[PDB]
């Protein structure tokens, strides 16, 4: 109920789940750069459907041109800023999401891979861009998984937070992700919650430190199947909210979605409905996938421009767009 948005994908293509990013394989979702009209997609998502936020995935390697550290490559950053500007131009808040799965070329940050300082370095740089702009949301990392020690990960997430506030991004939300692809179903049981609860801003507070969770509606949680099989209320959103509520904390579902089919149209609705009902502890959802996926993409949410007239896909126009 505070935020509803969609992921505008493209700069994350060529990012594997092992933190390796074919930085050549990135494909910006903007006209220019020979991609879809993500700026247009965003104008329509705000003006016609009432969306609020966009998640703009991009890889570490893209940001730095292949270097596990914080020295921002300006050519690449020019393309990615253009998207952030397009989102800000659409009149919406904007999640800058590093899509690396807590890894850089197969090796886990803090735990074999780059150090917490290499990573913090990155976030200082990013945060120094955009510090004054309070419409930005700092998505520390997309979907950590198979991470052996979560206290250590919370520690890496802490360094990032500190880096970010030290660049003077003192107003913004920072998302903090836990384990098992940040699955909401296991966020509390697997240990992530009570480790990330320890993460604080420099002044000792938890202000604007929201948890990041993902949850899909297909059998295995993969979000690769077209048929939805659940609304995750009983096994994820209810337990989570219980925990969040009594702990004084809030979460934010940064990835969800499903096929453009009847089963999804029902379950996705029950889910969005429930999220709004629990708006005190959830801040919003962001649907996985517009940007430049091809028309038939199983979880596609890409609208269509017929001479200045935007058609949504089934699932957006039914359940996912705030209107109605």
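Positions refer to the first chain, counted from 1.
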{"property": "Higher-B stretch (mean Cα B-factor, as the entry records it), 98-106 or 132-140", "result": "132-140"}
{"property": "Entry-level comparison of average CA B-factors, 271-279 and 257-265, reporting the higher stretch", "result": "257-265"}
{"property": "Most elevated Cα B-factor in the entry, residues 125, 221, 111, 85", "result": "221"}
{"property": "Maximum C-alpha temperature factor, selected from 45, 294, 60, 288", "result": "294"}
{"property": "Entry-reported Cα temperature factor of residue 165, expressed as the chain third it lands in", "result": "lowest"}
{"property": "Where the record places residue 216 (Cα B-factor, split into thirds across the chain)", "result": "highest"}
{"property": "Lowest, middle or highest third - CA B-factor, residue 243", "result": "highest"}
{"property": "Ranked C-alpha temperature factor of residue 121 among modelled chain residues, by third", "result": "lowest"}
{"property": "Within-chain third of residue 310 by Cα B-factor, per the entry", "result": "middle"}
